[PDB]
Protein chains: 2
Amino acid sequence: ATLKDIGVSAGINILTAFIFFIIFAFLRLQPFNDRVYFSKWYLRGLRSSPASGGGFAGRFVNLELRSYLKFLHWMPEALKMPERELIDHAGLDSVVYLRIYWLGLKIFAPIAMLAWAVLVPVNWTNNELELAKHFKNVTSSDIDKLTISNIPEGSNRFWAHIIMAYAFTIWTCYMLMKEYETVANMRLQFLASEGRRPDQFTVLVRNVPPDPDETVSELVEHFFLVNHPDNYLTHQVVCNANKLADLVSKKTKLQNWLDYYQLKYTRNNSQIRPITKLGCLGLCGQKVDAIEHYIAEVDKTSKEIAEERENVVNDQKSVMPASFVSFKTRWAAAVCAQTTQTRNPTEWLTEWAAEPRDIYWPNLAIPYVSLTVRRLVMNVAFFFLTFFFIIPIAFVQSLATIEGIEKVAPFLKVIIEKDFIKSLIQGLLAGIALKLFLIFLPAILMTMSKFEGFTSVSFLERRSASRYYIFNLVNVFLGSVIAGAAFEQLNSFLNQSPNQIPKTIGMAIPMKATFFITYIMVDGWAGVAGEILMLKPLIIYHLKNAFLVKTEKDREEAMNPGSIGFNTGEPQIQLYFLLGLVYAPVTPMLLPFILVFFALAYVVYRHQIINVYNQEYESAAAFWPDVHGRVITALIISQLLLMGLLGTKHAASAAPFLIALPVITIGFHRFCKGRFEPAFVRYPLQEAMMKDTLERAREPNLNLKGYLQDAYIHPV
Amino acid sequence: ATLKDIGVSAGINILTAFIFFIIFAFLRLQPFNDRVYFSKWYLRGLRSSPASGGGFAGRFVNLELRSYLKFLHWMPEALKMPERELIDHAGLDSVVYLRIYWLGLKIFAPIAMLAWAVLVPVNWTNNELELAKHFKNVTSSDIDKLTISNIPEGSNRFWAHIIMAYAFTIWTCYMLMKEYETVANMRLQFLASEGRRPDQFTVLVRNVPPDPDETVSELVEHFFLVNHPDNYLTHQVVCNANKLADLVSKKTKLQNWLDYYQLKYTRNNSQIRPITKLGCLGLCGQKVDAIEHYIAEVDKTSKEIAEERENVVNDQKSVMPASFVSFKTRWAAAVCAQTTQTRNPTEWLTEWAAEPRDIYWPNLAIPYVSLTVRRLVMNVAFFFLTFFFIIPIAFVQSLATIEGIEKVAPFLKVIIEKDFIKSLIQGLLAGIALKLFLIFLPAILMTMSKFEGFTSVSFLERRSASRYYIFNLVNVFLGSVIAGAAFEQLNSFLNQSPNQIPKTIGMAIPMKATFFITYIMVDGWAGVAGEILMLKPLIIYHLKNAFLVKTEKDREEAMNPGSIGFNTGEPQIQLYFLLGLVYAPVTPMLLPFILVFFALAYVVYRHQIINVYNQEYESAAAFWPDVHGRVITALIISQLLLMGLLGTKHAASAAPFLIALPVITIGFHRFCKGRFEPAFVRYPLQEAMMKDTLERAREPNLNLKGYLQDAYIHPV
Ligand SMILES: CCCCCCCCCCCCCC(=O)OC[C@@H](O)COP(=O)(O)OCC[N+](C)(C)C
Ligand SMILES: CCCCCCCCCCCCCC(=O)OC[C@@H](O)COP(=O)(O)OCC[N+](C)(C)C
């Protein structure tokens, strides 16, 4: 895995990224895409059509004379928009995400320089890995002599590792507190200048207590007109368009899926009959005939739709025990969100409402007790997923440590591991397998967050990211560590005795570092570079437009871009931060790769937040408190592991120092928490009065009951 | 320590309590005390003077013909006032304290019956304590064969212990949740009917941010008139009047002191000259001469006392960055206490104010940063006190395990521990020594709570009780356990080998139980019975009245009773609950003694809450959340210790069951918490509006700015 495998992976990966960048140039210079690659410039009313208004080309005939402007330009230009002109083109959230990448860089760049110098020198001048291969059968290479494991048991050269660790934790923590403050100040300034949104005045009251002679709405009016007497303006109840909406949706699906097999070439048409109960399928069946999904799955749907409408809207059997109450001021609404209203701690429970567009309406109609049982069931499913994944994870770790599995088992083999280009290619293949598994993980975890019952689309994402973190941690990190350890040094474990289990464990942790390096390379580099091409979103449009088009004009738009994830992306940045801290005080060579990822990523994503991407909710940066927490967790795990390894190499004249480390970390956490979290979780009342008195001097007229009344209704 | 020592202690203690009760009868039938023994009947305007209006006797001449009405009566009668006529004679707090004693009884009575039956039988039919004295030198008696230690290693009779443990934890937890609800409902109903107090409308704002052109009061008016615009009525600033307060104090001391040395017999008088720098003293010195602290001292103090009044009432150098703001409604004030006011999380910080009489004004004039450093310094002092106490604690535990210290050291000895009445008397003496040390502890801990900076006299008490708990736990319990263990089985530890350290530890835990029994007896029984006599408060009055009297009439009153403590008392109840749980699943014989304490105590204290005692603040039961927590802690420690002992006797076919136990305990804690703590820590807004709308219909006129303006001023 020495320089050979690292170089092969690196060559292949840099090549993949350059090929990507070339195909992207090509595809972004053809004027039939355009609305796929420059969509927030069109969805902001600022770009018109193909060739500056369209009607023209720029396609393939000469297409492109050679260019070094095949890259670079996108690069520098993404770099040049001030960061305050980006808060208003894009939003605060996007800007705070790019900030995460830059904090990474900060921390790590300094740590890397230092590490390298001090520690590589120390570790390299020191002999104890050649002696264990010759007297204890521990397999190793020459990339392993810049690690904490070429160092003899018996210190005096372990103190470097401890001092460096201290330096590193202090730097990380300082940098992290400075970012907390910036992000807080920014949030507050944004919040003070954003224009009316309907949720700066509304709350969601959940658990209105039942009665037998008053409706839900005659009980919500009477409570707030007696208890919040001067500022109360209106309310809107919660009902079940769950079924009504399901039918409107089936109708849309039928019409799409059949105005297709309707204007196929015009005229009378064909047939199909897929088995329809799970997914995919086609022609395996009996539902022949034709057009409009027999225009009549078309019209039966429409009739059920009208009847459902009726029942719902006329029945107080479909009103849920909850409402959305609005007030005349933003000061009054912030007092109903942070105050207790009744003596029963579970009834009448106010919070702040989300913006009417970050509401997942399908879970506003789920009872409250169910909420608790559901949460439990989902925690159980999580534990089981964690176990099945351990299975696929070791499968991967057996392809990566194959040259040691083929020593205590000189059996099947890649022609007995000769033909050495093949084994480096095996390091690359291990990477690709883990990639695959982890894709479907993101989607499953979102489905499990939408069951436990949340009702904002921004909290479902935050939850999903937290769960990915846990999964990632355990599984990837530790599973890989454990299994890889097993295999190579399994060879060594058989032909020795059960004490050497520990020492062998220490050295194997540093080798798993080397595998992590390769994975970073694949994932990081190539993925950030292949994200620039938007390929599912490009096929998707072109198929769409030469199939289900029949556009009235061009007003029929199906370009919709997407949004950063929060989910996928944050989970990745965090895995890489963990890796980095841990390996900084052990193998100081994962750092250069971590850094290339952070920089490319910042450049690609600024481009995609500026040209493509559009945000679907605005919660001025709350995930910050969450991100900070996850970095503090990494720091603690790192520190505990260094203690462990230092114990395995018998150095007791240094581990209490490592203990002070952990305590200093938790103390800084607590400080930060205090100050800045207050900023992110509680709306001051002086801030709500200043926004409110400056808008009643500018718009001295304003009727708020027009605007706020119907903003929280549904598909009605 | 068998039946012999237990019986001697019990006889002597029951005798002491009966002698006490007799002397109390005597002293409560003489009509010169009366105002010492029936003071809340005089301080409520309901009793007049000595013999029904006084002027008469009932003293010593025939004094008392023999009576069996020498006791009993106080007993039944304390029992007969409904518990709702006691909420208004006395207050809610006192009633909730007596409830603690009754919960004790509940839990333990059931647990005791069960224990006894099942476990004593099981443990007694079983041989393994006679075999270890004959083959491992473990000293023991015959009271030890009803303990978990006459049971052979190897279970099948340890399962009883585990089942019983489960039963016991469930019962405790059920009982505890039912009390939570009662106490919560009671608090809420009280709070809804109590008449105006000035703090139902006021808050304390601490940390008003400095300026260079506006005073503290022109900055508190402007903030609340712009930010809480409609309900704001008044404010009163905080000034350091620590020095004037101190000189008024020195003046009263001088006059009292020496209007005494003045009317000694009238005329020209004597002299004195104590060393005056630390305390006590008399005649060792030079300050001779004459009457009322050389009346010139009394006037030089009244010079400073009028020129301190000027440099304090007109300066703005003695105004502290804080105020007390009042509002026109109780709904408005509860919104300022539970809401954030500014973006700087450390400035402008509102809470609810205490009643103007539960304010410790001396610490309202301490800066805020100091508050944090002070807290740290006091935590350090706590750790050191804990260590010195370990020293006196083992001294005590060496007098209690003397018959085993005099085996591996047949030396000095009580005439070689013969004369056996003497060694039982040593069990009683150990008890008395611990009593002594622990007295001065209560007072020290209060002094340390008044340094860390609190400003209510009710929180200083709560803090002091929590600290006593920790001290008690560690020191008493564990120190005693450890040291006692050491001594007896030290004998056994020398003449064996360092593996038998563990097994010997198990058996010694059960013997320390027996010593705890004796301490309970002394402390509990005799102390509750000697508390009925109020002897420092009786001497104190009689000296006072035949010395510093010269009463204008009788209006000069110096009877002041006191108040329950909260401090001392709660700390005791909790030590006994701990002991009980722990020993219930091990030595099932501490329980009968625990119970006698709980019952006597309830009877004596009801008497003293009904006749003597008067409350100095009213915080309708908040210490409840605190008490509950401490009982949950006991449950957890108990459970962990049973696991330990069961491990020491090699029973692995039962300890995971013990683990489930701990988790079930924390779950019930969390439920309770949720519901009822909300009740005790947050004032609902529907409750404040109902109190406010029913008082504006009864007293339709009411000016609140008269009443609320000057309630928060000082010695001015
Ligand atoms: C993630 C870690 C969390 C907390 C970290 C502390 C846990 C680890 C601390 C100790 C780890 C290893 C402890 C250690 O001491 O290992 C046991 C060694 O002493 C065993 O040495 P041996 O080679 O068996 O010595 C005997 C050799 N003959 C066999 C005596 C030659
Ligand atoms: C407060 C407790 C917190 C948690 C509770 C768990 C901690 C205690 C759990 C184990 C306690 C004792 C554990 C135990 O296993 O003791 C060690 C014994 O196995 C020693 O047995 P020995 O008599 O040394 O056996 C060897 C005998 N020769 C010497 C082999 C005869």
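The residue numbers of chain B are those assigned by Swiss-Prot, with the residues present covering 2-717 sequentially.
Cβ from N, Cα, C; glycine included.
Close to B:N138 (N-linked glycosylation site) in the fold, though at least 6 residues off in sequence, lie B:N492, B:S493, B:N496, B:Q497, each with a CB less than 8 Å from its CB. What Swiss-Prot records for B:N138 is N-linked glycosylation site, and it gives a curator's inference as the kind of evidence.
With a threshold of 8 Å between CB atoms, the same-chain residues lying at least 6 positions outside the region 'Cytoplasmic region required for homodimerization' (B:339-344) that come near it are 228, 350-351, 683-684. Taken from Swiss-Prot, the feature region 'Cytoplasmic region required for homodimerization' covers B:339-344.
Residues or ranges marked as topological domain 'Cytoplasmic' by Swiss-Prot on the basis of experimental evidence: B:29-100 (among others).
The topological domain 'Extracellular' annotation in Swiss-Prot covers B:123-159 (among others). Packing against the topological domain 'Extracellular' (B:123-159) from elsewhere in the chain are residues 2-4, 7, 404-405, 408, 489-490, 492-493, 496-497, 501, 504-505, 507-508, 511-512, 514-515, 586-590, 646-647, 650-652, 654-655: each is 6 or more residues past its ends and has a CB under 8 Å from a CB in it.
For B:181-372 (among others), the entry in Swiss-Prot reads topological domain 'Cytoplasmic', with the evidence type experimental evidence.
Away from its own ends, the topological domain 'Extracellular' (B:399-424) comes close to residues 5-6, 9, 140, 430-431, 434, 484-485, 488-492, 495-496, 516 of its chain (Cβ-Cβ under 8 Å, at least six residues beyond either end). Per Swiss-Prot, the feature topological domain 'Extracellular' maps to B:399-424 (among others); the stated evidence is experimental evidence.
The annotation topological domain 'Cytoplasmic' is assigned in Swiss-Prot to B:451-461 (among others) on the grounds of experimental evidence. Secondary structure of the topological domain 'Cytoplasmic' (B:451-461) per DSSP, as helix, strand and coil residue counts: 4 helix, 0 strand, 7 coil.
Look at Swiss-Prot and you will find B:486-509 (among others) tagged as topological domain 'Extracellular'.
Sequence annotations record features per position, and here Swiss-Prot assigns topological domain 'Cytoplasmic' to B:539-566 (among others) based on experimental evidence.
Residues or ranges marked as topological domain 'Cytoplasmic' by Swiss-Prot: B:607-624 (among others). Note: the topological domain 'Cytoplasmic' (B:607-624) comprises 6 helix, 0 strand, 12 coil (DSSP; helix = H, G, I, strand = E, B).
Taken from Swiss-Prot, the feature topological domain 'Extracellular' applies to B:648-653 (among others), supported by experimental evidence. Listed by sequence, the residues of this chain that lie at least six past the ends of the topological domain 'Extracellular' (B:648-653) yet keep a Cβ under 8 A from its Cβ atoms are 149, 152, 154-156, 159, 503-504, 506-507.
Per Swiss-Prot, the feature transmembrane segment maps to B:6-28 (among others); the stated evidence is experimental evidence.
The transmembrane segment annotation in Swiss-Prot covers B:101-122 (among others).
As annotated by Swiss-Prot, transmembrane segment applies to B:160-180 (among others). Non-local neighbours of the transmembrane segment (B:160-180) in the same chain are 100, 104, 107-108, 111-112, 115-116, 119-120, 123, 149, 582, 585-586, 629, 632-633, 636, 640, 643, 647, 655, 658-659, 662, 665-666, 669, 672-673; each lies 6+ residues outside the stretch with a CB under 8 Å from one of its CB atoms.
If you look up Swiss-Prot, you'll see B:373-398 (among others) marked as transmembrane segment.
For B:425-450 (among others), the entry in Swiss-Prot reads transmembrane segment.
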Helix, strand and coil residues within the topological domain 'Cytoplasmic' (B:539-566) as assigned by DSSP: 8 helix, 0 strand, 20 coil
Residue counts (helix, strand, coil, in that order) that DSSP gives for the topological domain 'Extracellular' (B:399-424): 7 helix, 0 strand, 19 coil
Contact set, same chain, for the transmembrane segment (B:462-485): CB under 8 Å, 6 or more residues outside the stretch: 383, 386-387, 390-391, 394-395, 397-399, 401-402, 435, 439, 442-443, 446-447, 449-450, 453, 455, 509-510, 512-513, 516-517, 567-568, 571-572, 575-576, 579-580, 623-624, 627, 631, 638
Interface present between the transmembrane segment (B:101-122) and the transmembrane segment (B:510-538) (three or more C-beta pairs under 8 A): no
Of B:101-122, B:567-587, B:589-606, whichever stretch has the most CB pairs under 8 A to the transmembrane segment (B:625-647): B:567-587
The region 'Cytoplasmic region required for homodimerization' (B:339-344): DSSP-derived helix, strand, coil residue counts: 0 helix, 0 strand, 6 coil
For the topological domain 'Extracellular' (B:486-509), sequence-distant contacts whose Cβ falls under 8 Å of one of its Cβ atoms, 6 or more beyond its ends: 130, 133, 137-141, 150, 398-399, 402, 404-406, 408-409, 646, 649-650
Among B:6-28, B:567-587, B:589-606, stretch most in contact with the transmembrane segment (B:101-122) (C-beta, under 8 angstroms): B:589-606
Structural state census, the topological domain 'Extracellular' (B:123-159) (DSSP three-state): 3 helix, 0 strand, 34 coil
